[PDB]
Every structure is written in structure tokens, then in C-alpha cells.
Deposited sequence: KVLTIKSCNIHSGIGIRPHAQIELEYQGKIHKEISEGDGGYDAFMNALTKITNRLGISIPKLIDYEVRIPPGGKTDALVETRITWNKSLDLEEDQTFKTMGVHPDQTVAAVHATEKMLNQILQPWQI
């Protein structure tokens, strides 16, 4: 845990321009950023990118996005989100991170946070 997403607020809905706030801590420094996007997660990634650029960190390209719930999980089901990344470019640098949470967007933020640390660590 060298990079932590202290908090984030994600907005979306019908009649709403999606947006997200982020507050991440890295090396005794806290970065707060906001951005709109075509979707909540997209907005979250756009805000994240302004931070990583500042830090000189390159974010891998999102190659695959998978979401699943256990059978008969229902509305409050735990969501498993698997995101596949690629640093370049073709297969040799492809990897996946995963997140599990009752909110599907948080699950994605968690998988993204894991990715960030794997790249930094």
C-alpha cells in the first residue's frame, strides 16, 4: 500500500453529466481532483489521470472489463470486477486486477487502485 485512494465521489444518472472526485495519498502528499466523463468510472479515470500525469506515472490501457455476481445475488449483491490491463501494444505485458464490493463502481476503483500499486511496487 504505497498509493491509497482516501476517498472518491462518483455521480451519474438520467439527466446527469457524470462526474467524480478523487483524493489519493502518495508519498506524504495528498492529491484532490475532479472531472466529468461519459460515465462514472470514466469520470473517475479522467480525474485519476490528471494526478498520475503530475506524478509522472503512466496508466496502462484498459483492455477488458468484466463484472459478475454470484447466482441469485440480488440487488445488494457483491460485485466482482475484473479489469485487464496492458502497458504497451500486444500480449506480453497484459495483466488483470480485481475488486469485490457491494457497489459496482467502488469495485472498479479498487481494481484500479490495485493496478496502481502493482505498477508502482
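Visitor: Where does the structure fail to cover the deposited sequence at the C-alpha level?
Guide: The deposited sequence has unmodelled segments at 89 to 90, 124 to 127.
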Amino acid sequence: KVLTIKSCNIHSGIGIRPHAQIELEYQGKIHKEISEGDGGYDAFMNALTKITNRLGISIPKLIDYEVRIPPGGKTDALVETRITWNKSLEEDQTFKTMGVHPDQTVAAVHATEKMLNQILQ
From here on, numbers count along this sequence of modelled residues.
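Visitor: Look up the CA B-factors in the entry and say which stretch, 25 to 33 or 46 to 54, has the higher mean.
Guide: Comparing averages over the C-alpha atoms only gives 25 to 33.
Visitor: Mean CA B-factor: is it higher for 10 to 18 or for 104 to 112?
Guide: It is 10 to 18 that shows the higher mean C-alpha B-factor.
Visitor: How does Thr75 rank on Cα B-factor within its chain, lowest, middle or highest third?
Guide: As the PDB entry reports it, the C-alpha B-factor of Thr75 lands in the middle third of its chain.
Visitor: Tell me, lowest, middle or highest third: where does the Cα B factor of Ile69 rank within its chain?
Guide: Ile69: CA B-factor falls in the middle third of its chain.
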